[PDB]
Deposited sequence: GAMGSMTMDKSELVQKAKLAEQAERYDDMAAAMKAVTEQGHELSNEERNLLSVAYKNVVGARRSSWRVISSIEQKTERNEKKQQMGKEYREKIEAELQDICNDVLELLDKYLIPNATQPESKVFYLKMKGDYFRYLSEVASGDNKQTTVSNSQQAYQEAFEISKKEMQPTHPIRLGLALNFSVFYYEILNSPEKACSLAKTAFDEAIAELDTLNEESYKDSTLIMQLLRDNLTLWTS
């Protein structure tokens, strides 16, 4: 029929069907159209948009890592084909990320009315600028790196004032922001400091006797510990 003649509920039903079918491009297109109608997303619609684009962008990020790795283990012929193929994937990745960042700037962030929603969407902006920064060369890198750091930093400040240390979004923001420091900024100390602080403050508040009730929090606490272990070994 066409997305421009469809109600929000029909596009959401389409997104859910695409998700079950593991057709994430279809899922992303449906949720992009939902977002472009301009109304603040519900929690369910936010999750559908975020999962769709995580999978769409993630396929390209993973291909890019595979092709970059083959580029290094190599013959001028094979190495130039790998460079061209990588630039092919880079171009798709940049298009995907720019679409998401367009959605964030034009719809999601200016419609965010609650602090939890604002932290989430700022963390998302940081993430997708980080994904741009993973492949950005020379010049344009400085803008995406700065735009990533800025988005994370503002979410970091809201999260520490508005959220308890066991809150999964405060934990997840710290995790990804520390990854940004370690990998993009090559500041392993600050990355380790951020992750260890987040882990220590959460373990100080966590109800050890009802850990069953906080598996969303303990998941990211384990991820933070995993990264600290990996980085200090």
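- Missing from the model, relative to the deposited sequence, are the stretches 1-2, 77-78.
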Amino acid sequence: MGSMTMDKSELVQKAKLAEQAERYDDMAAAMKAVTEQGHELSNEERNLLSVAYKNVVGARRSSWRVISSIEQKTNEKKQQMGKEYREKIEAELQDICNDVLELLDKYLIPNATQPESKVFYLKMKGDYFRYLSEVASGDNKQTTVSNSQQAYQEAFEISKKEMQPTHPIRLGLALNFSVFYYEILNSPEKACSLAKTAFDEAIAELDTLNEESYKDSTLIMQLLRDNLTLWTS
From here on, numbers count along this sequence of modelled residues.
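- For the pair 214-222 and 17-25, the mean B factor over Cα atoms is greater in 214-222.
- Taking the PDB entry as given, 203-211 carries the higher mean Cα B factor of the two stretches 166-174 and 203-211.
- The residue among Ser133, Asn98, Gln150, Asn111 whose C-alpha carries the highest B-factor in the deposited model is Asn111.
- The deposited CA B-factor of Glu90 belongs to the middle third of values across its chain.
- The entry lists a Cα temperature factor for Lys125 that places it in the lowest third of the chain's modelled residues.
- When the modelled residues of the chain are ordered by C-alpha B-factor, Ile70 sits in the highest third.
- Sort the modelled residues of the chain by CA B factor and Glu102 lands in the lowest third.
- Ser193: CA B factor lies in the highest third for its chain, per the PDB record.
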